[PDB]
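In the block that follows, a single chain appears as C-alpha cells, in the form deposited in one PDB entry.
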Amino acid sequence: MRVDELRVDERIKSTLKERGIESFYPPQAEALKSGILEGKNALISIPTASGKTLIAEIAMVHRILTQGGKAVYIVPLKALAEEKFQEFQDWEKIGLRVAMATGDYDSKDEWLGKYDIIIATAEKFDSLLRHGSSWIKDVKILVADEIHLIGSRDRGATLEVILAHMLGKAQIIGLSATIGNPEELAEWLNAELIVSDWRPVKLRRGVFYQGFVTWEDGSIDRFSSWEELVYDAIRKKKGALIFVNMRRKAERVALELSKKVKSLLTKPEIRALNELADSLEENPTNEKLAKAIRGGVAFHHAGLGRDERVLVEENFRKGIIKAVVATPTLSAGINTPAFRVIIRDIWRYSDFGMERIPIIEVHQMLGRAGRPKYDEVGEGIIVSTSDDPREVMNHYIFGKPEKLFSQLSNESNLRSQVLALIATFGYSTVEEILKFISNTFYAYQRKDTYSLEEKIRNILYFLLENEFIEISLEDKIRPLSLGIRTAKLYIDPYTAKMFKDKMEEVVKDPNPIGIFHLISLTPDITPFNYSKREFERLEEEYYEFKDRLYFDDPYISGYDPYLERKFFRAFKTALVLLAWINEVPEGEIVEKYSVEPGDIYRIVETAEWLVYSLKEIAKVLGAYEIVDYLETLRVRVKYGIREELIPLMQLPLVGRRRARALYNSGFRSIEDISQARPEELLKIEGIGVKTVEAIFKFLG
C-alpha cells in the first residue's frame, strides 16, 4: 500500500516522503493494518530486509501524537542505540524530541522526562524501571527490537522481565527474525501476529561443498574453492560478506582473499583503498586491517575500535571495500547488505564444547544477502566442509528455525531480578513473587514452574543470608540498605556480595591492581582473554603483586583449567586497567598486554561502572574512608588519566592524550584555558584547530 493511504497523523506521511518512501512492502502493509494503529500489540516476524523499523516508527509516533506521552524503543546493544538515534532524528522536525539512554544504571535520569522518544537497551530500561523514574508512567508504547533475543541466554531474561512488567501497562510491539514459535510469543504478548516470508530482493539460498554450490532448487554451479565465490562476486562488480566464527580467522581469511582480490580491481579503486588504509592510527590490529584493505578486503570484529569498524561498514556500503570477513558478534553494525553472503563456518565454539550455529542465526546472516538498488537476486551460500551438503540443506534451508525458550532460569539475571522485585518494585511475600512469574514467558510456555519456584526460594536464602534482605516483624520480606542500593546499581547481587566480603581488605589496602582484579572477577565484566604464551609472564606479574590482591587464590574452587583461567583473565585485565589509568598510550597497551582496542574501550567503560558500584557498596557498609579514593579511581578509570588531569576532562574533544599535552604545556585547569589565546593552544602538539574551536566554544 501507499504511504498516504495510511490513516495516521499527516505529519508522519510527510516525513516518510521527505525520506524516500512512497509505498509499503506487503509485510509492512499487513502490519500497519494489523491493529497497531489502534494501539494494539503486535509481533512482526519478517526478514530484516523487509523494513521492521519503519513499522515501529510509524506506530510509535502515531501513538504519541494521537495520545501524547513517550515511545520507548529497545535495541540489543548500546552501539545500536546511536544508529537508531540518528535514523530517528528526522522526527524532531515535527516536534518530537528524541534521546538515548544506554548506561548510568544508578540514576532515575529524570532529564529524560522532557523527551518523546527514548532509545534504550533492555538493561538501561530495566534499571530505569527499578529507580521508578516519574516519566515511566508516561510511556504509551515500547518497541522490543530483535525480540527473539528473548530466547538468548546471556541477556534474554532481562528483555523478558521488562516486557512482563510492561504488558497491559503500555502498547507492546515486537520486531523479530523468523522463529519456530511466533504464535506462542505473540499470544504471551497478547499480540497480533505478522509472519511474512516476503523480502525486497529475491534470495537464493545454497550450500557449497567439495567444489560445488547446490541451490534449494536442486541446480548446481561450479566454483573451484569457496573463496572463488568471492572472487566471482568482485569480477561481476558485486559485494561479498563472508561470515566467520573467530577474530583471527576473520583477519587471516581477509588478508588471504585480498591477496587475490586486488588483481580484480582497477587503478582508481586501488588508489581509494590506499588513501583509506592511509587514514588509520597505527596499531597491531590496524596493521592487519590496512594491509588487507589495500586489496579490497577488510575484516570486521569486536576487537576493532568504533572508528575502525564504522570505517569498514561505511566504505563497504559505499562499494570501495569489495569484501568483508566478519564475526557475527557486533555484526549488526554492518547494516550493509551484500550480493553474496557466504557463511564460512557453521560450527562455533560453545561454552561447553562444539555446537552448530542456530538456524535462526543462519537465516539472519543469509537474509542479509541481496542489496535492493544493485541486485535482482541475492545469493546466500552456506559452506560445508565436514557436514553432509544434503544434510546442511535440510537443516537450514528446508528446516524451520528453532523455537524460542525463556531463559528466566538464569541464576544470574534471576538473582538480580528477584532482589529487584523486593528492593525496587515492593514485593514482600513469596506468594507475590510467583504471581509475577506466573505472568512471565517462562510460565506461559510451561505447564508448571515448580523448578523455578525452588531456584527463587534458594535465591531468597542467598539474599537473606547475605544481608541483602530481611524477614520483618510481620512475616514479610523487606529490602535493606544494601539491597535497594544493589538493585539500583544494577550490578549482580553476587558481585555486590563479592564487594561486601572483600570490603575489609580493600579498606586495609586500597590499591589499583587489587581493586581492578576484584571487579575483573565479577559476573558483570567479561575480562580479557590470554594466550598460552602470555601465561608465563602473567604468572610472574602475579607473584610480584600477590600481596596487593584481595582474592589471592587462583584455585579456591579447584584446578579446573577454567578456574585458573578466570582468575588470570581477571589479573591480566587489572594490569591493563593499571596501565590505562597510568596513561600508557593505547597503541602501547594493545602491544604489551596483547589486547585489542574495542576490548579496551568496553572493559574500561564497564570497569568504571564497577569501581563506582564498589564505592557505592562501600558507602552502604560504612567504608567511608575509601570513598574519596575510589571516586578518584573511578574518574581515572573512565579516562585513563592520572589524578591531575581530571579537571581538564570536561573540555570537549579532550581525552588522555590532549589532556596531558595541555597540562604539560602549562594549562592545568579550566581557568588556565580561559585566560589564553588560541595561538597558544595550537602550539601544543595534539590540539588541532577543531579542538580549540570546540574548547573556546565551550568556554563561552
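So that there is no doubt, residue numbering starts at 1 and follows the sequence shown. What we label the rigid core is the largest C-alpha set whose atoms superpose within 1.5 Å from one form to the other.
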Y494 dropped in a third or more of the other entries: no
Test item: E227 lacks coordinates in at least a third of other entries: no
Between 267-275 and 618-626 (mean CA B-factor, as deposited), the higher: 267-275
Greater mean Cα temperature factor according to the PDB record, 63-71 or 640-648: 63-71
Residue of maximum C-alpha B factor among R537, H301, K400, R602, per deposited coordinates: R537
Among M498, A420, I556, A170 - the residue whose C-alpha B-factor is largest in the record: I556
Chain-relative CA temperature factor third for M354: highest
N283 by Cα B-factor - lowest, middle or highest third of the modelled chain: highest
Cα B factor band for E596 (lowest, middle or highest third within the chain): lowest
Chain thirds of CA B-factor: placement of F212: middle
B-factor third for the C-alpha atom of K260 within its chain: highest
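Separately, the form deposited in another entry exists; it is not shown, and the next lines address it.
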Sole residue of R97, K137, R533, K476 shifting 2 angstroms or more in CA between this form and the one not shown, core aligned: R533
Large Cα shift (2 Å or above) at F551 between this form and the one not shown, core-fitted: yes
